[PDB]
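One structure below.
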Protein chains: 2
Amino acid sequence: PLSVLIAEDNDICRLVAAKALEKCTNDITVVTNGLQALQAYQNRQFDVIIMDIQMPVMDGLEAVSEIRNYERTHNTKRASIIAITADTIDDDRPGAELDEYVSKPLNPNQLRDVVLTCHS
Amino acid sequence: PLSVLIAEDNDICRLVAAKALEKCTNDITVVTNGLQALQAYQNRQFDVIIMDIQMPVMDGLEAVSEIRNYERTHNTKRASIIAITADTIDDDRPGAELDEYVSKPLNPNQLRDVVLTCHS
């Protein structure tokens, strides 16, 4: 029997791939990011892995761009977007993408404070 | 009231962020990739978005590398890894990462054939 892992964030390709293989096996696990594929693999033996090597469709910063795109077209209220990052923050001015920065490792108190201030 | 979207594939940072904000609100949605953040946003108004701008922890090709790393350390059977991609395939020799290539848009018949052949 065949155990297959499908790692694909593209919803259409994920469904097409799962449907295609449905008649060959019941053992199909689907995941939508790279860490999830690795974690699935640590948990289960897979004979075959179908990997979108172009994954992700959009990384974090690109998702931010698309969110901003959404707000512009739909003419909706602007969300506060708080970036979390392990990198050193050398320029903390807000911009078109990000409203604030919080470094990792996360300090819960700091994150709450920043979230409540942006919300206000 | 505050509606918050947390987009973070790093399991530890995701839980820490969700826990931190639990007392401020019940309206917390968590997602683990960029497309999912966008889709959540199309579906629900969020006042605040907490985005890991380093996301993803690992892209598709990096996940492949970690899977291979897993097989080497654990001395386990080698999985067949089939890459799906929209890019033109100019070198279809298998290598340390990938065993075969299938182009998008996916042809179900082709994908099955390739999967069953790798499995054999």
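Among A:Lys19, B:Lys23, rank each residue by its count of other Cβ atoms within 10 Å, from fewest to most, as a rough exposure measure. Spell out each step's value before the answer.
Numbers: A:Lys19 13, B:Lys23 9.
The order, fewest Cβ neighbours first, is B:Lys23, A:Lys19.
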Using Cα atoms only, what is the angle between the long axis of helix A:108-119 and the major principal axis of chain A, expressed in degrees (0 to 90) to the nearest 10? 70
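If you place +1 on the Cβ of every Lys and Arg, -1 on the Cβ of every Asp and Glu, and leave all else neutral, what size is the dipole of the stretch B:1-58 about its Cα centre, to the nearest 20 Debye?
100
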Vicinal HN-Hα couplings computed from phi for the stretch B:49-63 (Karplus, 6.51 cos²θ - 1.76 cosθ + 1.60; Hz; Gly/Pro x): 10, 9, 10, 7, 7, 8, 5, x, 4, 8, 7, x, 4, 5, 5
Using a 10 angstrom cutoff on alpha carbons, build the Gaussian network for chain B and name the most mobile of B:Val64, B:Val48, B:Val30. B:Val48
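When you look at the Cβ of every residue in A:38-49, what mean number of other chain Cβ atoms sits within 10 Å? Each step should come with its number before you reach the end.
Working: counts 10, 3, 2, 7, 4, 0, 0, 3, 5, 7, 11, 11.
Across A:38-49, the average partner-chain Cβ count within 10 Å equals 5.
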Report, please, the projected area of the stretch A:1-58 averaged over directions, based on the convex hull of its C-alpha atoms, in nm². 3.7
Restricting everything to alpha-carbon atoms, can you work out Rg to Rh for chain B with a Kirkwood hydrodynamic radius? 1.11
Among B:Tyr101, B:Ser80, B:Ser120, which residue has its Cα positioned farthest towards the positive end of the charge dipole of the stretch B:59-120, with +1 placed on the Cβ of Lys and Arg, -1 on the Cβ of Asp and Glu, and the dipole taken about the Cα centre? B:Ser120
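Give me the dipole magnitude in Debye, nearest 20, for the protein assembly as shown about the Cα centre, with unit charges on the beta carbon: positive for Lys and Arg, negative for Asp and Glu. Display every interim value, and only then the final one.
Values: 22 positive and 38 negative charges, 158 e Å.
Roughly 760 debye, rounded to the nearest 20.
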How far, in degrees from 0 to 90, does helix B:34-43 lean away from the longest principal axis of the Cα atoms of chain B, to the nearest 10? 50
How large is the Kirkwood hydrodynamic radius of the protein assembly as shown, counting all unique pairs of alpha carbons, in Å? 19.2
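Under unit Cβ charges (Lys, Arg +1; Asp, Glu -1), what dipole magnitude, rounded to 20 debye, does chain B have relative to its Cα centre? Don't skip to the end; give the middle numbers.
Numbers: 11 positive and 19 negative charges, 83 e Å.
Roughly 400 debye, rounded to the nearest 20.
Strictly over 31 Å apart at the Cα level, which of A:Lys77/B:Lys19; A:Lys104/B:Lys23; A:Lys77/B:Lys104; B:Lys19/B:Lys77; A:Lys19/B:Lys19; A:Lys104/B:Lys104 would you flag in this model?
On the way: A:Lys77/B:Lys19 26 Å; A:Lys104/B:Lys23 21 Å; A:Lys77/B:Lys104 37 Å; B:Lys19/B:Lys77 39 Å; A:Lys19/B:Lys19 37 Å; A:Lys104/B:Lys104 37 Å.
Correct reply: A:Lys77/B:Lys104; B:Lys19/B:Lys77; A:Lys19/B:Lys19; A:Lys104/B:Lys104.
Among B:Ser65, B:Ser80, which comes first, second and so on when ranked by fewest other beta-carbon atoms within 10 Å?
Working: B:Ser65 16, B:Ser80 20.
So the ranking, lowest neighbour count to highest, is B:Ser65, B:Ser80.
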quick note, the stretch A:1-114, DSSP beta bridge pairs, % antiparallel (nearest 5) is 0
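Any read-out appearing in this document is the output of simple, stated calculations on the displayed coordinates, not a laboratory observation. Virtual Cβ from ideal backbone geometry, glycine too; neighbours counted across all protein chains shown.
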